[PDB]
Every structure is written in structure tokens, then in C-alpha cells.
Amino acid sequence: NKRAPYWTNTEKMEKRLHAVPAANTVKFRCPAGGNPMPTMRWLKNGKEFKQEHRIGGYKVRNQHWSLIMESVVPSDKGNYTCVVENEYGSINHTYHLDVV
């Protein structure tokens, strides 16, 4: 029953462009499934996204597959990619953030 990851909620994820006013808050999600249960990480414009890259950092809620950044300012603009992995494979999806 060994299986690579799969999205469990494709409907939510078809909203690719997230345009948000600052100083609002934004939430990206990529619910997934797999066996073993996969892990997830976020990329910003294709590269490691650490806490250190934004003032106030950001939260990742593994229990909901999501990434949350509050008080969105211009420097947040960009593509955010969620990468979900187990040892059989990975799936990814990208969202575009745009701060008005």
C-alpha cells in the first residue's frame, strides 16, 4: 500500500492568484495524502523559504497543510510553491502572491 503523495483537495488549489491588500494576512493550502504520510516545505520564488526571509517570519500548520504569513507587505510578492514528499515521490504546486 506503499503510495506516493496525491492531492486530497484539488478544488481549493485552483485559485492560483492570490491578490491581497497589505497589511492583511494570507493563507496558502495544499492538502495531501500518501503512505507514509508525506512531509511538506515551502519555496519562495524557487528556493528555501526560512523564517529569517520576512520580518515576523511565518507559520506552517502541518495539521492543515498550510503556510500562513500575516501583515503582508510588498517584499512578500512572489511565487510560493509547496512541495509535498514521501520516499516514493513528491508533488508541487505554485501560488502567485501579489500585494496591493
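Start at 1 with the first residue shown and count on from there. Superpose the two forms; the largest set of C-alphas matching within 1.5 Å is the rigid core.
Novice: Relative to this form, superposed by the core, which stretch has the greater CA RMS in 4 other deposited structures of this protein: 10 to 18 or 87 to 95?
Specialist: Higher root mean square deviation of C-alphas in 4 other deposited structures of this protein is shown by 10 to 18.
Novice: On mean C-alpha B-factor from the PDB entry, just flag whether 60 to 68 or 34 to 42 is the higher one.
Specialist: Result: 34 to 42.
Novice: Select between 25 to 33 and 71 to 79 the stretch whose C-alpha atoms have the higher average B-factor in the entry.
Specialist: In the deposited entry, the stretch with the higher C-alpha B-factor mean is 25 to 33.
Novice: Classify residue 86 as lowest, middle or highest third according to the C-alpha B-factor given in the PDB entry, relative to its own chain.
Specialist: Lowest third, going by the recorded CA B-factors of the chain.
Novice: Lowest, middle or highest third: where is residue 94 by C-alpha B factor in its chain?
Specialist: Middle third, going by the recorded CA B-factors of the chain.
Novice: Per the entry's values, where does residue 19 land by CA temperature factor relative to the rest of its chain, in the lowest, middle or highest third?
Specialist: Its C-alpha B-factor belongs to the middle third of this chain's values.
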